[PDB]
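Take a look at this one chain, the form deposited in one PDB entry, written out in structure tokens.
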């Protein structure tokens, strides 16, 4: 199962478009990174696959481009999740987008 032990970035501005490095175990050439957001009641209101640099990435490191957030006009920071998926998925990780 993919495992995320740490991440070098916890937040960024809403545009995204910066690199995040994930350190962990059992990543492969086919690993995907997917960002999601739910409401408190569990309804999924966002999903966006993130671009992975498959040439730099290795079984214990993924090099990920943080996606543009769903709404670039937020006024307060928004908490989201991401997963590594080999549906074989990791625990959810935490990330925050901040307004411009």
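Positions refer to the first chain, counted from 1.
Absent from the display: the form solved in complex with a small molecule. The rest refers to it.
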Should residue 54 be counted as a contact of the small molecule in the deposited complex, where contact means heavy atoms within 4.5 Å? yes
Does any heavy atom of residue 27 come within 4.5 Å of a heavy atom of the small molecule in the deposited complex? yes
How about residue 71: is it within 4.5 Å of the small molecule in the deposited complex, going by heavy atoms? no
May I ask you to state whether residue 64 is within 4.5 Å of the small molecule in the deposited complex, using heavy atom distances? no
